[PDB]
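Residue numbers for the sequence shown follow my numbering, beginning at 1 and rising by one.
Cβ atoms here follow ideal geometry from the backbone N, Cα and C, with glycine treated the same way.
In what follows, a single structure is set out as structure tokens and then discussed.
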Amino acid sequence: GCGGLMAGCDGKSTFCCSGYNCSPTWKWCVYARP
């Protein structure tokens, strides 16, 4: 259950795996830009 670059953002509050931000337009975790 680790969201990398194509996880699931349907919950609107997922935590991906490590170092991945969720995208609302793509509906999956992607690279984070902190």
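- Close CB contacts of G4 within its chain, under the 8 angstroms cut and outside five residues either way in sequence, are with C16, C17, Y20, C29 (chain order).
- Secondary structure of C22 (DSSP, three-state): strand.
- For the pair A7 and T25, the Cα-to-Cα distance works out to about 13 angstroms.
- For a cut-off of 8 angstroms, the C-beta gap from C22 to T14 is around 6 angstroms, short enough to register as a contact.
- When DSSP reads this structure, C17 sits in no beta bridge, so it has no partner.
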